[PDB]
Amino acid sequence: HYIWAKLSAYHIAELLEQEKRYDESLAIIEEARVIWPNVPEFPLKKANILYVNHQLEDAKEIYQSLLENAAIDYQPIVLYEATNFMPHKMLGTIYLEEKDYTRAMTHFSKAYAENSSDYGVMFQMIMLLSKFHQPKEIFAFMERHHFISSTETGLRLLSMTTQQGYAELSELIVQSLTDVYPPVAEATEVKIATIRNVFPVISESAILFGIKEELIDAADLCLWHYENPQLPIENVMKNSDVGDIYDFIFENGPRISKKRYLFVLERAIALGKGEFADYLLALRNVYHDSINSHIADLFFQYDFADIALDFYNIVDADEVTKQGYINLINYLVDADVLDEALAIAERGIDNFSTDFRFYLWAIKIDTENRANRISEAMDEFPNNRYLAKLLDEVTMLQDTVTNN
């Protein structure tokens, strides 16, 4: 019943979680939940640890409990949004991942009402509105709810929309800003114009400022240089500690880290720069044959599944990534190929034995053995309540019809 201890335990729980020692961290939380049941910051962390560990239904249960719980009178000790904004923000994020767009908007809206300055919920709402509505309608929404509180806020929003390819929205956003420094506006106009496949012409100072204001990165410069060789991109890139990227892509120079290559490729894929992307793909030979698994995931991410499949078809299964299994399982299930999908889900259990999603896919797919698939999952996840609720459903129905 002392506040220094409750916070001490939290420093520890948080420290362990940051070191990705989630099992040790959840142990601290469950101990805390017993000693200090009113402190909501502990359950809020279980939910967050559970979220990243892909046990979304267990996280949902906790977040939902943080808002309006009748059993515990949650009184925060340091994070006073533990029972308001943060549960709404996560529930909105989960419901979005679950494609329940209506529920996602409801929580995202509530979270924005609580804290109106979180670029996280704004980015998500803007993207969620992109699912249905047109840019002029979305900009009306953002103006209506006062998203753009300041010029700096609008720029931070602008870095997001420009990288997503929202040319018209970005155009609406920047034009509504007042007294923007001309280098900043020029860089934004060029970025919007590049989305529209307009020939890029940008001043040397605008590039220089755009890098410093984190509105322009190496991928942008490479795309622009590829589109327009008259640009002074090499001198800028060499001085920006990314000269190697320029040398590799354009000057037959030595290899860059796989992460950097895929960075430039991802931007090309994201902006719909097919000519540039094909050119970049032509450079993959110097990497290991394993590089195609990563390219495959990249293409699948932006919903080029056919192109992604074509890469996955030529990758050694040893090199297919854990997300790749998850992509492939989802693809096959949509193609009504449950036999092959189950085989990969099973494979994921063998290779990635600690990833909740694979056991859940087996349970979803293997209908004949569902109860057994659930029991196997519980063996690996003995503190997951969703699995336990699933078994009782099957177990109660069987045990009622067989016994009577």
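All residue numbers refer to positions in the sequence shown, first residue = 1.
- Remark: stretch with higher mean C-alpha B factor among 228-236 and 215-223 is 228-236.
- Remark: stretch with higher mean C-alpha B factor among 68-76 and 163-171 is 68-76.
- When the C-alpha B-factors of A296, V320, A140, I192 are ranked from the entry, the top spot goes to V320.
- The residue among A335, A371, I29, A362 whose C-alpha carries the highest B-factor in the deposited model is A335.
- The entry lists a Cα temperature factor for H107 that places it in the middle third of the chain's modelled residues.
- Ranked by C-alpha B-factor against the other modelled residues of its chain, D392 falls in the middle third.
- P200: CA B factor lies in the highest third for its chain, per the PDB record.
- In this PDB entry, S117 carries a Cα temperature factor that places it within the highest third of its chain's modelled residues.
- Ranked by C-alpha B-factor against the other modelled residues of its chain, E17 falls in the lowest third.
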